[PDB]
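Below is one structure; the comments refer to it alone.
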Ligand SMILES: CC(C)[C@H](NC(=O)c1ccc(CCc2c[nH]c3nc(N)[nH]c(=O)c23)cc1)C(=O)O
Ligand SMILES: CC(C)[C@H](NC(=O)c1ccc(CCc2c[nH]c3nc(N)[nH]c(=O)c23)cc1)C(=O)O
Ligand SMILES: *c1cc(=O)[nH]c(=O)n1[C@H]1C[C@H](O)[C@@H](COP(=O)(O)O)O1
Ligand SMILES: O=c1ccn([C@H]2C[C@H](O)[C@@H](COP(=O)(O)O)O2)c(=O)[nH]1
């Protein structure tokens, strides 16, 4: 997409070299904002075929409050394998914090239920937020949340959402993360009878790994194509009732996919 | 300052009338980002006179982990009077979360020292984060955190910081908020023998209250002046050791102040 490629180039022109926790190395910039009007189309990268089946199951996995890759495997999604333990657990990551944030006194907060109820009863609220950054449980996570904090907003009947991503692998993770939240917004909007607004992406340490330069240059040579459109074929009775079969992407004509090693 | 004024005119150019919690009504935009190169000078608003004294005391107060206004009163700062209960308490707000975020297994995390140790021992970490958004204690707070989440970043010997402010009163709070974090960045940098980099402000619900319109355009008709300089006269043994007197702002020649009612 225009802004994606735009950021991709910015990291190359401006990035500083950094030794990261993975002894790989990166080119990064700190602080960046991107804006996607969902009305213009679903923001699934077209300059490289992205596979939505993985994106959808992960999100659904999040919403169920699941942190074990078992489910992902049942649907043959392999993206979190390199992080799970011998039992397939990742710890209290995303899912756990979204659906059952543990209070100091032993009980749990269902942030999603809270958000749905806010959008329906108090959309003008400026506190419609979900946070995966649970300071007291970080040490228990296999990896600290990257898309860590997000807020919803309603205006003129449209639902917008801004995500704060503290760490971003521009080549591998970003195309994935963007489509994920765009999807969620579409689901929230349907469940709250609202139109989709903007998806604002804000990043902290935004980087490009050294061993991704070739595929990054290859990707920068391609012309972005018109964005697909998302169709939700069934309207579930709750935001926790969606299933893979309910989503159809239309008009998605991407450039060939690009293979690249992940930093572990 | 240029960035600040440009933000104001932006809310005015594309803000949407919104009703709000206080019943005052706002002109609101969602999603924004601006940068301040601290080396250019201290980002204290010059188009109106600001109370440096109050800003400093509030920050010192936060760093002490305090949440009762008595301290602010000892030093003639009344900016938190409206939300304090009969005993002067605001609940586990900013200070308490910064210095003692309670975990579900009985521990407390001092996020400030944590961050200090990270900048000294692992500055290239992408997890140097302080969060005030403790979803489990939100309901015990007088007011939910506005400047809710911030990240630090080190590049080429310079310390930068990005703040995510989920709700922003552009006329009244923003000037204070920007100066307050730029101050924090200087302190941290002094304690880590680093140079100051950029302060990146990112906003969620960024608004102008309906009853701030006149004063807003009045300010908008003024020319920014040169930015003041921040001078720290002492390097305390710890970041929790600073005193009001250690700070001296030089060259601050602002326009006349402008009074405006705070929505409670
Ligand atoms: C062929 C595909 C499997 C391949 N995609 C990926 O490798 C991948 C892996 C994990 C994630 C989830 C987010 C994530 C978790 N941990 C991570 N670690 C890194 N370095 N980057 C990430 O994005 C993530 C998204 C994408 C592709 O070619 O598109
Ligand atoms: C002369 C000054 C006293 C005046 N400033 C303020 O009144 C003010 C009050 C509280 C805060 C802290 C954040 C805050 C707490 N509660 C809030 N409530 C609202 N509506 N907005 C805010 O910014 C805050 C910052 C600024 C000025 O002219 O600058
Ligand atoms: C909160 C505190 C601060 O440091 N700066 C501010 O700008 N804000 C403002 C935002 C909003 O106008 C009010 C908080 O109310 P709400 O929780 O957003 O309903 O204080
Ligand atoms: O869904 C994800 C998960 C991780 N990251 C990337 C950010 C970093 O490249 C790496 C995480 O490493 P740390 O930031 O924790 O060091 O994974 C993403 O962009 N998206």
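Read-outs throughout are calculated quantities, based only on the coordinates presented, and are distinct from any laboratory measurement. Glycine also receives a Cβ, built like all others from the backbone with ideal geometry; neighbour counts cover every protein chain displayed.
Can you tell me which residue among A:210, A:167 is within 14 Å of ligand 1 (Cβ to nearest atom) and surrounded by 20 or more Cβ atoms within 10 Å (Cβ to Cβ)? If you could, list the steps in order and put the result at the bottom.
Details: A:210 fails: surrounded by 20 or more Cβ atoms within 10 Å (Cβ to Cβ).
Result of the check over A:210, A:167: A:167.
Kindly indicate whether residue A:31 is closer than 26 Å to residue B:204 by Cβ and either within 14 Å of chain B (Cβ to nearest Cβ) or in contact with a helix residue (DSSP H, G or I) (Cβ under 7 Å, 6 or more places away or on another chain) (or both).
Considered against the rule, which asks whether it is closer than 26 Å to residue B:204 by Cβ and either within 14 Å of chain B (Cβ to nearest Cβ) or in contact with a helix residue (DSSP H, G or I) (Cβ under 7 Å, 6 or more places away or on another chain) (or both), residue A:31 comes out as yes.
Just to be sure I understand, how many residues within the range B:137-155 are more than 10 Å from ligand 2 (Cβ to nearest atom), touching a residue at least 24 places away in the same chain (Cβ under 8 Å) and in contact with a strand residue (DSSP E or B) (Cβ under 7 Å, 6 or more places away or on another chain)?
4
Give the residues of the range B:65-79 that are surrounded by 17 or more Cβ atoms within 10 Å (Cβ to Cβ) and in a loop (DSSP other than H, G, I, E, B), sorted by residue number.
B:65, B:66, B:67, B:69, B:77, B:79
Which of the residues belonging to the range A:133-144 are under 20 Å from residue B:147 (Cα atoms), surrounded by fewer than 24 Cβ atoms within 10 Å (Cβ to Cβ) and touching a helix residue (DSSP H, G or I) at 6+ places or on another chain (Cβ under 7 Å)?
A:135, the sole residue that qualifies.
Suppose we filter A:47, A:67 for residues that are farther than 25 Å from residue A:141 by Cβ, away from ligand 3 (no atom under 16 Å from the Cβ) and more than 14 Å from chain B (Cβ to nearest Cβ); which single one remains? Steps first, please.
On the way: A:67 fails: farther than 25 Å from residue A:141 by Cβ.
Being farther than 25 Å from residue A:141 by Cβ, away from ligand 3 (no atom under 16 Å from the Cβ) and more than 14 Å from chain B (Cβ to nearest Cβ) holds for just one of A:47, A:67, which is A:47.
Filtering the range A:182-197 down to residues that are crowded, with 20+ Cβ neighbours inside 10 Å and part of a strand (DSSP E or B), which residue is nearest to the other protein chains (Cβ to nearest Cβ)?
Restricting to residues being crowded, with 20+ Cβ neighbours inside 10 Å and part of a strand (DSSP E or B), the top hit is A:197.
What do you reckon, is residue A:202 touching a helix residue (DSSP H, G or I) at 6+ places or on another chain (Cβ under 7 Å) and under 28 Å from residue A:82 (Cα atoms)? Can you show your working first?
Values: touching a helix residue (DSSP H, G or I) at 6+ places or on another chain (Cβ under 7 Å): no; under 28 Å from residue A:82 (Cα atoms): yes.
Criteria not met by residue A:202.
Looking only at residues that are within 12 Å of ligand 2 (Cβ to nearest atom) and outside any loop (DSSP other than H, G, I, E, B) in the range B:17-53, which one is surrounded by the most Cβ atoms within 10 Å (Cβ to Cβ)?
Looking at the filtered set, the residue picked out is B:26.
Only residues that are more than 16 Å from ligand 2 (Cβ to nearest atom) and surrounded by fewer than 19 Cβ atoms within 10 Å (Cβ to Cβ): list them for the range A:122-132, please.
Residues satisfying the conditions are A:122, A:123.
Taking the stated definitions as given, is residue A:82 closer than 29 Å to residue B:128 by Cβ and surrounded by fewer than 18 Cβ atoms within 10 Å (Cβ to Cβ)?
In short, yes.
Tell me, please, whether a residue that is in contact with a strand residue (DSSP E or B) (Cβ under 9 Å, 6 or more places away or on another chain) and within 11 Å of ligand 2 (Cβ to nearest atom) can be found in the range B:64-85.
yes
Quickly run through the range A:235-252 and pick out the residues that are over 22 Å from residue A:72 (Cα atoms) and more than 21 Å from the chain's Cα centre (by Cα).
A:235, A:237, A:251
Can you find a residue that is more than 10 Å from chain A (Cβ to nearest Cβ), part of a strand (DSSP E or B) and within 16 Å of ligand 2 (Cβ to nearest atom) anywhere in the range B:211-233?
no
Residue A:263: away from ligand 3 (no atom under 16 Å from the Cβ), more than 14 Å from chain B (Cβ to nearest Cβ) and more than 21 Å from residue B:164 (Cα to Cα), yes or no?
Against the criterion (away from ligand 3 (no atom under 16 Å from the Cβ), more than 14 Å from chain B (Cβ to nearest Cβ) and more than 21 Å from residue B:164 (Cα to Cα)), residue A:263 does not qualify.
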